[PDB]
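Given next are two forms of a protein chain, the same chain in both, each as structure tokens and marked structure 1 or structure 2.
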Structure 1
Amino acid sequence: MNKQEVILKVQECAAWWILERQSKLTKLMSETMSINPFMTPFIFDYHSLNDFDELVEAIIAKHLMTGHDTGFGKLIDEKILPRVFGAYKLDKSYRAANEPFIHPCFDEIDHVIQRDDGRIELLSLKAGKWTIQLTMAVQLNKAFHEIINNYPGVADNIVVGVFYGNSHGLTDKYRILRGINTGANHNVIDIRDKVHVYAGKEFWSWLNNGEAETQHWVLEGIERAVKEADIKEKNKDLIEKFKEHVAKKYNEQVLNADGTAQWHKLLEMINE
């Protein structure tokens, strides 16, 4: 894909995603927000919060940020890769229709990449160096080893993509998933010849047939969509109203007369 193809189509995807994240606020969707009732007194003082409204504000901001990271990884995987780069996403419909992708060892594979020279690459994509931990890495090894040994014909190789950061900053989990296990034993199997990891600039390059500048074209598409969306003023009030909607869930039952929180009442509500 060339510079115009990438910028314009990323813009389109990102434009959509901005609306989706706005709708979180306009529709007052707070049902997915967890609160750890043991940590509340700690957070209140560590971050120098002055009242219950300020507590709800800090919690909401954290929830929104978590949501942004999650939605963004979904955006890259489910919209940008297929629509901008022509990757075939292994969604429900694709998997049911294309043998042998229905088997659960493909739950860990995001896309099939069909190269112009006839090569087929399978892709398992992650955002960054922290995205996986040990449990996930071992499970990735199990899945990949099954593909390799039981469905050798489906593709020429498996790539794990990491869309930001670099190779040197990756954790040992990216070794574990290849079967490289230098510390305590976890019973992963060496598959390093068939599974390769590409990160950051090098991932975007690998995706787009060696075009080194691809990552800048992606960032530019996002920039343009943000600018056209023009949300920097209107969101202040939408965020404040999200905050008021959440506090109303608690502020006529956890508060004392002096405005302090009854942390044991918040505990009660959450833990049963």
Structure 2
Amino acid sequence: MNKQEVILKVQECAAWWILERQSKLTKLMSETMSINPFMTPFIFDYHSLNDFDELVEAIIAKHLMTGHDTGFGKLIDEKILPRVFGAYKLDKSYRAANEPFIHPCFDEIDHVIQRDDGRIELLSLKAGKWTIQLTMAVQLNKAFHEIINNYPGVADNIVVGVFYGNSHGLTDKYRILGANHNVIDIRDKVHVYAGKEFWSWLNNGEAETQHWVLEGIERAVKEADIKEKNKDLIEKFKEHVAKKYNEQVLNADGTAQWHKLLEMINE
């Protein structure tokens, strides 16, 4: 849509998301963080950690950073696509009301978008590089054919949107779902757009769309004002998690008794 309508609606959605990320730093949240007591010696050496505090610090950073990925994934998928653009999500609730999407053939369809001029496109939204190999491509071809064959008049075409990175090295593999091997030809009904081209596609021709998304996300983060305050909050989150163990796990020099950690986590 307009630069400003995209920027502000994204910023709206990403501001929220930023609050949830901030919300994972509470004392109560710390109780949910998991330590695999079998992996601890390996992590301690592979990352050259000096004590238990630094190990806790390291696992927490992964805990948080992984959640950011997972939550951003949900933001893009459930909020940004449907609320900002018109790409409506196929969660179980929506599949029931919207006519025969319920059927398991549509498992791999994440989103429907109906254009101004009547055209409908089904979108299998994916993340990052996502480098699928012959075997997963053959089955994804057979899956898109069964949609186009059994329910032609519900969608004009299917799309596999990859919302970041590129298909510089993965062109041969998408070039099929197309000369050779087990797969029905659907060249003109199934396209793979990645990065800038996914966002251009989603937003019907506006090539700068990806940049308006970034910008909207930049504005939410500036407003949220978290750079100065989070340094303390995250340190506190380590204190909360570490107090759980310190009494029984620590030696006096600050190192961990791995087996005491194990004993305590596994019992």
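Please note that residue numbering is based on structure 1, beginning with 1 at the start of its sequence. We call the rigid core the largest set of C-alpha positions that still match within 1.5 Å between the two forms.
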Check: If you fit the rigid core between the two structures, which of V162, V84, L123, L140 ends up with a C-alpha shift of 2 Å or more?
Finding: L140
Item checked: Threshold 2 Å Cα movement between the two structures for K201, core superposed -> no
Next item on the list: Answer yes if the CA of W16 moves 2 Å or more between the two structures after aligning the rigid core, and no otherwise.
Entry: no
Checklist line | Residue shift check between the two structures, rigid core fit, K74 Cα at least 2 Å | finding: no
Next item on the list: Quick one: how many Å does the C-alpha of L219 shift between the two structures once the rigid core is superposed?
Entry: 0.3
Next item on the list: Could you tell me how many Å the Cα atom of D258 shifts between the two structures when the rigid core is held superposed?
Entry: 4.5
Notebook entry, point to check: Upon rigid core superposition, what is the positional shift of the Cα of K243 between the two structures, expressed in Å to one decimal?
Noted result: 1.4
